[PDB]
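What follows is a single structure, written as structure tokens, with notes after it.
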Amino acid sequence: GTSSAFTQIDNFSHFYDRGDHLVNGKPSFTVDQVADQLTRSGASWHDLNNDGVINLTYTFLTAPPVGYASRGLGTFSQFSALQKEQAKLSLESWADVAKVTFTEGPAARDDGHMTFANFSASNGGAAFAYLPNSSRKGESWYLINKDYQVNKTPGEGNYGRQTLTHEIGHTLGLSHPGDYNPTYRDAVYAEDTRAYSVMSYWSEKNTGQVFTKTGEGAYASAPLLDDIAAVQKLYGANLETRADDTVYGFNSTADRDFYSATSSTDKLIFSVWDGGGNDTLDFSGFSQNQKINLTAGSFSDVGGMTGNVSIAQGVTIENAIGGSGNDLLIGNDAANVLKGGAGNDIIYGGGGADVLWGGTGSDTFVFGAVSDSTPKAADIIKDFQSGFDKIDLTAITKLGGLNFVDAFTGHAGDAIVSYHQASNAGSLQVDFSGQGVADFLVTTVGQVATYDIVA
Ligand SMILES: [Ca+2]
Ligand SMILES: [Ca+2]
Ligand SMILES: [Ca+2]
Ligand SMILES: [Ca+2]
Ligand SMILES: [Ca+2]
Ligand SMILES: [Ca+2]
Ligand SMILES: [Ca+2]
Ligand SMILES: [Zn+2]
């Protein structure tokens with residue numbers, strides 16, 4: 001078969017696969033199937049002016065509307081400055097992914113108008129909103145009293161912030177993943193947990209992800225994988241967002257609180273949406289073992305947590321930087337720059353000419369197909385260390401081995417290991433097809449030996 005290193009790569013690449021199979025006794029839905037499920041009501045805002053974008057205005061009410069007392073909500077109160085600040089960050093997180101804009105101001109001859117306000121009567125629930133096809137479209141209300149103080153101090157990572165994002169989701173036309181004393185047992189599909197959608201009532205533990213432990217609470221502040229697909233299906237994707245080179249995680253340049261990390265103890269939970277450019281997922285500040293997958297629509301285990309980071313469908317992220325732990329880095333079809341950092345890492349460049357950095361420690365560079373590194377577009381290991389690092393080709397040779405020679409003899413399996421002293425450039429040429437010419441090339445910065453190759 002193959003090496004254990006490859007098996008780990010393959011295992012993680014499929015770990016979160018969705019669709020056409022049962023999970024927890026429930027059908028597994030793909031992102032696209034969930035996009036339809038979340039928009040099953042048919043309600044949405046309409047582009048009245050036909051300008052290609054939903055232009056909405058919103059007001060933080062300062063006085064109760066006509067007929068307010070009849071709602072049975074109790075004492076009315078306006079949003080505090082803190083609530084306003086957080087509400088704007090939630091609105092922004094939705095506008096980043098879909099062609100919808102939110103401007104503070106009174107209703108004008110706009111595609112729609114939204115209102116935000118608090119109430120004190122618990123019988124009204126923690127918070128609620130109306131769909132855009134109702135007579136109270138645009139409205140969202142939040143409970144605040146001595147017994148329920150969650151909405152008084154919303155902040156990145158807490159339920160107060162997710163509540164704002166979730167309720168705004170409803171005003172945009174999103175429903176709950178199912179028609180919800182109900183429990184996850186009543187879910188229509190397996191992925192109905194807040195690891196996939198902030199619209200879900202169920203915790204990520206139901207699907208096996210680990211974000212935090214008892215006593216502590218961690219919630220995604222922004223739209224997750226399935227939410228992004230659902231809102232883009234309704235209003236279209238916003239390709240203008242972060243269309244230039246962007247860095248997420250440590251040393252972030254995304255300018256979003258939920259995409260930024262500054263400490264090894266940070267709890268990241270986000271889905272990456274990016275419009276274009278050369279982008280990097282920098283998770284160098286973590287010391288826990290991580291598993292980073294650059295495949296669009298896939299999940300990664302970051303900062304000691306599992307399934308907490310994902311890349312939205314239709315997004316191509318080019319680079320990833322691991323941490324001081326023993327990480328797995330899986331690239332995509334594009335030319336990627338992958339850095340494992342300290343620790344013994346397993347790196348998989350995939351298609352395209354990748355630039356690989358193993359960093360310190362004993363690192364393994366895995367190859368699953370000849371097309372992964374061809375003479376045309378060959379990979380390069382900028383810091384290979386003979387005797388410590390390894391080039392794994394077992395997925396191709398199936399442990400069949402290679403025949404190291406000085407010149408191709410025309411027999412399949414022939415491999416050539418060359419080096420340049422006054423250049424420190426190494427190279428591994430292989431002829432798998434056996435046509436007398438190399439069909440697989442891997443260049444390195446540093447000397448490579450026959451014993452550094454696993455096949
Ligand atoms: Ca419009
Ligand atoms: Ca970008
Ligand atoms: Ca990109
Ligand atoms: Ca590492
Ligand atoms: Ca690649
Ligand atoms: Ca390393
Ligand atoms: Ca490659
Ligand atoms: Zn809801």
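Residues in the structure tokens are named by chain (A, B, ... in the order shown) and by number from 1 within that chain; ligands are numbered from 1 in the order shown.
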- request: Compile the contact shell of residue 163 of chain A as a ChimeraX atom specification: residues with an atom at most 12 Å away, counting only C-alpha atoms, same-chain residues fewer than 6 positions apart removed.
  value: /A:83,86-87,90-91,126-129,140-143,150-157,169-170,198-201,219-223
Save out the residues we just selected, N, CA and C atoms, as a compact mmCIF listing (two decimals), in the first residue's frame.
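Result file selection-v3.txt:
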# COMPACT_ATOMS: atom_id res chain seq x y z
N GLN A 83 -24.15 47.91 21.63
CA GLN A 83 -25.01 47.11 20.75
C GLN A 83 -24.96 47.60 19.32
N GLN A 86 -21.59 46.53 17.66
CA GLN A 86 -21.60 45.11 17.35
C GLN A 86 -22.59 44.80 16.23
N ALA A 87 -23.74 45.46 16.23
CA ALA A 87 -24.73 45.24 15.18
C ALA A 87 -24.12 45.61 13.81
N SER A 90 -21.87 42.90 12.60
CA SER A 90 -22.62 41.74 12.10
C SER A 90 -23.16 42.04 10.69
N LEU A 91 -23.73 43.23 10.52
CA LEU A 91 -24.27 43.64 9.23
C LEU A 91 -23.15 43.60 8.19
N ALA A 126 -35.73 35.40 23.76
CA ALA A 126 -34.42 36.04 23.84
C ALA A 126 -34.24 37.11 22.77
N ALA A 127 -34.79 36.86 21.59
CA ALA A 127 -34.69 37.78 20.46
C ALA A 127 -35.51 37.20 19.31
N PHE A 128 -35.93 38.05 18.39
CA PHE A 128 -36.68 37.57 17.23
C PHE A 128 -36.64 38.57 16.08
N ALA A 129 -36.98 38.08 14.89
CA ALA A 129 -36.96 38.91 13.70
C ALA A 129 -38.05 38.45 12.75
N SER A 140 -36.00 43.47 13.92
CA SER A 140 -35.41 42.46 14.79
C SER A 140 -35.46 43.11 16.18
N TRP A 141 -35.79 42.30 17.18
CA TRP A 141 -35.93 42.76 18.56
C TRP A 141 -35.09 41.91 19.51
N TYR A 142 -34.57 42.55 20.56
CA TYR A 142 -33.71 41.86 21.51
C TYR A 142 -34.11 42.05 22.97
N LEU A 143 -34.19 40.95 23.70
CA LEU A 143 -34.57 40.98 25.10
C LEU A 143 -33.44 41.42 26.02
N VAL A 150 -27.64 38.47 28.20
CA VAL A 150 -26.82 38.12 27.05
C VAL A 150 -26.71 39.19 25.97
N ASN A 151 -27.82 39.86 25.66
CA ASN A 151 -27.80 40.88 24.61
C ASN A 151 -27.26 42.24 25.02
N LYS A 152 -26.97 42.41 26.30
CA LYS A 152 -26.47 43.69 26.79
C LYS A 152 -24.99 43.88 26.48
N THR A 153 -24.24 42.79 26.44
CA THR A 153 -22.82 42.90 26.16
C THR A 153 -22.34 41.98 25.04
N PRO A 154 -22.85 42.18 23.81
CA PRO A 154 -22.43 41.35 22.68
C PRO A 154 -20.95 41.61 22.39
N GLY A 155 -20.23 40.56 22.00
CA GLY A 155 -18.81 40.70 21.70
C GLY A 155 -18.33 39.55 20.83
N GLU A 156 -17.23 39.75 20.11
CA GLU A 156 -16.72 38.69 19.25
C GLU A 156 -16.58 37.40 20.06
N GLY A 157 -17.11 36.30 19.52
CA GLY A 157 -17.01 35.03 20.21
C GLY A 157 -18.14 34.67 21.16
N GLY A 169 -29.76 37.34 9.86
CA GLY A 169 -29.90 36.29 8.86
C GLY A 169 -31.37 36.08 8.53
N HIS A 170 -32.21 36.07 9.57
CA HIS A 170 -33.65 35.92 9.39
C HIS A 170 -34.21 37.11 8.58
N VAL A 198 -24.83 29.42 11.49
CA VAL A 198 -25.17 30.14 12.71
C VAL A 198 -26.69 30.12 12.89
N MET A 199 -27.43 29.59 11.92
CA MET A 199 -28.89 29.54 12.04
C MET A 199 -29.35 28.31 12.82
N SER A 200 -28.43 27.40 13.10
CA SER A 200 -28.76 26.17 13.82
C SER A 200 -28.93 26.38 15.32
N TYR A 201 -29.81 25.58 15.93
CA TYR A 201 -30.06 25.62 17.36
C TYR A 201 -29.14 24.64 18.10
N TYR A 219 -18.75 30.87 20.17
CA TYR A 219 -19.69 30.93 19.05
C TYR A 219 -19.14 31.74 17.89
N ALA A 220 -19.39 31.29 16.67
CA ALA A 220 -18.93 32.00 15.48
C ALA A 220 -19.64 33.36 15.42
N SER A 221 -18.88 34.42 15.20
CA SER A 221 -19.42 35.78 15.12
C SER A 221 -20.00 36.11 13.75
N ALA A 222 -19.50 35.44 12.72
CA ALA A 222 -19.91 35.70 11.35
C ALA A 222 -20.52 34.51 10.61
N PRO A 223 -21.15 34.76 9.44
CA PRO A 223 -21.77 33.68 8.65
C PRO A 223 -20.79 32.53 8.45
Nearby polymer residues, ligand 6, at most 7 Å, only C-alpha atoms and all ligand atoms, as a list in words: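 The neighbouring residues of ligand 6 are, in order, residues 340, 341, 342, 343, 344, 345, 358, 359, 360, 361, 362 and 363 of chain A.
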- request: Assign secondary structure with DSSP using the backbone only, and return the residues of segment 283-454 of chain A in alpha helix (DSSP H) as a ChimeraX atom specification.
  value: /A:394-397
Which residues of chain A come within 7 Å of ligand 3, and what is each one's closest atom pair and distance in Å (one decimal), counting only C-alpha atoms and all ligand atoms, sorted by chain and residue number, as a Markdown table?
| residue | atom | partner | partner_atom_place_in_ligand_line | distance |
| --- | --- | --- | --- | --- |
| A:274 | CA | ligand 3 | 1 (Ca) | 6.9 |
| A:276 | CA | ligand 3 | 1 (Ca) | 4.6 |
| A:277 | CA | ligand 3 | 1 (Ca) | 4.4 |
| A:278 | CA | ligand 3 | 1 (Ca) | 4.6 |
| A:279 | CA | ligand 3 | 1 (Ca) | 4.9 |
| A:315 | CA | ligand 3 | 1 (Ca) | 6.8 |
| A:316 | CA | ligand 3 | 1 (Ca) | 4.5 |
| A:317 | CA | ligand 3 | 1 (Ca) | 4.4 |
| A:318 | CA | ligand 3 | 1 (Ca) | 5.6 |
message: Applying 12 Å and only C-alpha atoms, which residues near residue 249 of chain A remain after dropping the ones on its own chain fewer than 3 positions away? List them as a PyMOL selection string.
response: chain A and resi 246+252-264+266-272+279-286+302-303+309+320-323
task: Apply DSSP to the backbone of this structure and, from segment 46-75 of chain A, keep only the residues in strand (DSSP E or B); write these as a PyMOL selection string.
output: chain A and resi 54-60
Prev. selection, N, CA, C and O atoms, output as a short mmCIF file (atom, residue, chain, number, x, y, z; two decimals), in the first residue's frame:
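The resulting file, again27.cif, is shown below:
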data_model
loop_
_atom_site.label_atom_id
_atom_site.label_comp_id
_atom_site.auth_asym_id
_atom_site.auth_seq_id
_atom_site.Cartn_x
_atom_site.Cartn_y
_atom_site.Cartn_z
N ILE A 54 -28.96 44.79 -3.35
CA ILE A 54 -30.04 45.08 -2.43
C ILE A 54 -29.55 46.21 -1.53
O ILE A 54 -28.65 46.01 -0.71
N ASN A 55 -30.10 47.41 -1.71
CA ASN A 55 -29.70 48.57 -0.91
C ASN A 55 -30.66 48.76 0.25
O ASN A 55 -31.79 49.20 0.06
N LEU A 56 -30.20 48.45 1.45
CA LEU A 56 -31.03 48.57 2.64
C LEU A 56 -30.53 49.66 3.59
O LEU A 56 -29.33 49.90 3.69
N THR A 57 -31.46 50.31 4.27
CA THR A 57 -31.12 51.32 5.26
C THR A 57 -31.61 50.74 6.59
O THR A 57 -32.43 49.83 6.60
N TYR A 58 -31.09 51.24 7.70
CA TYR A 58 -31.53 50.75 9.00
C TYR A 58 -31.48 51.85 10.05
O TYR A 58 -30.68 52.78 9.95
N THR A 59 -32.35 51.74 11.04
CA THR A 59 -32.41 52.73 12.10
C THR A 59 -32.47 52.07 13.47
O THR A 59 -33.15 51.06 13.66
N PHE A 60 -31.73 52.63 14.43
CA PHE A 60 -31.74 52.12 15.78
C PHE A 60 -32.87 52.98 16.34
O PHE A 60 -32.72 54.18 16.54
#
- request: Throw together the list of residues within 7 Å of ligand 5, counting only C-alpha atoms and all ligand atoms, and drop it here as number ranges by chain.
  value: A: 331-336, 349-354
Protein and nucleic residues near ligand 7, 12 Å, only C-alpha atoms and all ligand atoms, as a ChimeraX atom specification: /A:330-338,347-356,365-381,440-443
- request: Fewer than 3 positions away in the same chain doesn't count, so skip those; otherwise give me all residues within 6 Å of segment 176-189 of chain A, counting only C-alpha atoms, as a list in words.
  value: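 In the requested format, the answer is residues 26, 27, 28, 38, 199 and 202 of chain A.
When only C-alpha atoms are used to measure the gap to residue 92 of chain A, the shortest distance among A:19, A:158, A:384, A:164 belongs to A:164.
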- prompt: For ligand 2, which residue out of A:326, A:75, A:364, A:319 is the nearest one, using only C-alpha atoms and all ligand atoms?
  reply: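 Comparing A:326, A:75, A:364, A:319 against ligand 2, the winner is A:319.
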- prompt: Looking at only C-alpha atoms, which of A:314, A:124, A:72, A:25 is the one that sits closest to residue 232 of chain A?
  reply: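 Of the candidates, the smallest distance to residue 232 of chain A is held by A:314.
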Cut-off 8 Å: closest chain A/ligand 1 atom pairs per residue, using only C-alpha atoms and all ligand atoms, as a tab-separated table:
residue	atom	partner	partner_atom_place_in_ligand_line	distance
A:46	CA	ligand 1	1 (Ca)	7.4
A:47	CA	ligand 1	1 (Ca)	4.2
A:48	CA	ligand 1	1 (Ca)	5.7
A:49	CA	ligand 1	1 (Ca)	4.9
A:50	CA	ligand 1	1 (Ca)	5.3
A:51	CA	ligand 1	1 (Ca)	4.8
A:52	CA	ligand 1	1 (Ca)	5.8
A:53	CA	ligand 1	1 (Ca)	4.5
A:54	CA	ligand 1	1 (Ca)	4.3
A:55	CA	ligand 1	1 (Ca)	4.9
A:110	CA	ligand 1	1 (Ca)	6.9
A:111	CA	ligand 1	1 (Ca)	5.6
Keeping N, CA, C and O atoms for every residue in the selection just given, could you write it to a file as a short mmCIF file (atom, residue, chain, number, x, y, z; two decimals), in the first residue's frame?
data_model
loop_
_atom_site.label_atom_id
_atom_site.label_comp_id
_atom_site.auth_asym_id
_atom_site.auth_seq_id
_atom_site.Cartn_x
_atom_site.Cartn_y
_atom_site.Cartn_z
N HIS A 46 -36.31 42.41 -2.59
CA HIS A 46 -36.33 42.54 -4.03
C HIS A 46 -35.55 43.78 -4.44
O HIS A 46 -35.52 44.77 -3.70
N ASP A 47 -34.92 43.72 -5.61
CA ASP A 47 -34.15 44.84 -6.13
C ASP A 47 -35.14 45.75 -6.86
O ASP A 47 -35.29 45.66 -8.08
N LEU A 48 -35.81 46.61 -6.11
CA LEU A 48 -36.80 47.52 -6.67
C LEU A 48 -36.25 48.48 -7.72
O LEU A 48 -36.90 48.73 -8.74
N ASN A 49 -35.06 49.03 -7.47
CA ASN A 49 -34.46 49.96 -8.42
C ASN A 49 -33.66 49.28 -9.52
O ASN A 49 -33.14 49.94 -10.42
N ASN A 50 -33.56 47.96 -9.45
CA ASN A 50 -32.84 47.18 -10.45
C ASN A 50 -31.41 47.66 -10.68
O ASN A 50 -31.03 47.96 -11.81
N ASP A 51 -30.62 47.74 -9.62
CA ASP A 51 -29.25 48.18 -9.76
C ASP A 51 -28.26 47.04 -9.50
O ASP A 51 -27.06 47.27 -9.44
N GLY A 52 -28.79 45.83 -9.35
CA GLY A 52 -27.93 44.67 -9.13
C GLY A 52 -27.49 44.42 -7.70
O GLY A 52 -26.70 43.51 -7.44
N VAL A 53 -27.99 45.22 -6.77
CA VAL A 53 -27.64 45.08 -5.36
C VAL A 53 -28.82 45.47 -4.48
O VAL A 53 -29.59 46.36 -4.82
N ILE A 54 -28.96 44.79 -3.35
CA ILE A 54 -30.04 45.08 -2.43
C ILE A 54 -29.55 46.21 -1.53
O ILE A 54 -28.65 46.01 -0.71
N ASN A 55 -30.10 47.41 -1.71
CA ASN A 55 -29.70 48.57 -0.91
C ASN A 55 -30.66 48.76 0.25
O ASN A 55 -31.79 49.20 0.06
N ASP A 110 -34.84 53.20 -1.37
CA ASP A 110 -34.16 52.01 -0.88
C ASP A 110 -34.97 50.78 -1.25
O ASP A 110 -36.13 50.90 -1.64
N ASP A 111 -34.37 49.60 -1.13
CA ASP A 111 -35.08 48.37 -1.44
C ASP A 111 -35.85 47.90 -0.22
O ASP A 111 -36.78 47.10 -0.32
#
query: Could you state the separation of atom CA of residue 298 of chain A and atom CA of residue 31 of chain A in Å, given to one decimal place?
result: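 Taking atom CA of residue 298 of chain A as the start and atom CA of residue 31 of chain A as the end point, the length is 10.4 Å.
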Residue with smallest distance to ligand 8 - pool A:167, A:96, A:139, A:216, counting only C-alpha atoms and all ligand atoms: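 Checking each of A:167, A:96, A:139, A:216 against ligand 8, counting only C-alpha atoms and all ligand atoms, the winner is A:167.
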Coordinates-based distance that separates atom CA of residue 224 of chain A from atom CA of residue 82 of chain A (Å, one decimal):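 Pair atom CA of residue 82 of chain A / atom CA of residue 224 of chain A returns 23.4 Å.
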- prompt: Given the choices A:242, A:166, A:398, A:411, which gets closest to ligand 2 if the distance is worked out from only C-alpha atoms and all ligand atoms?
  reply: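 Closest candidate: A:242.
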query: Do you know which residues are at most 12 Å from residue 77 of chain A counting only C-alpha atoms, after dropping those on the same chain fewer than 4 positions away, and could you put them as a PyMOL selection string?
result: chain A and resi 60-65+68+73+83+116-121+141-145+152
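Checking A:418, A:33, A:450, A:165 one by one against ligand 8, counting only C-alpha atoms and all ligand atoms, you find the shortest gap at A:165.
Relative to atom CA of residue 394 of chain A, atom CA of residue 431 of chain A is found at 14.7 Å.
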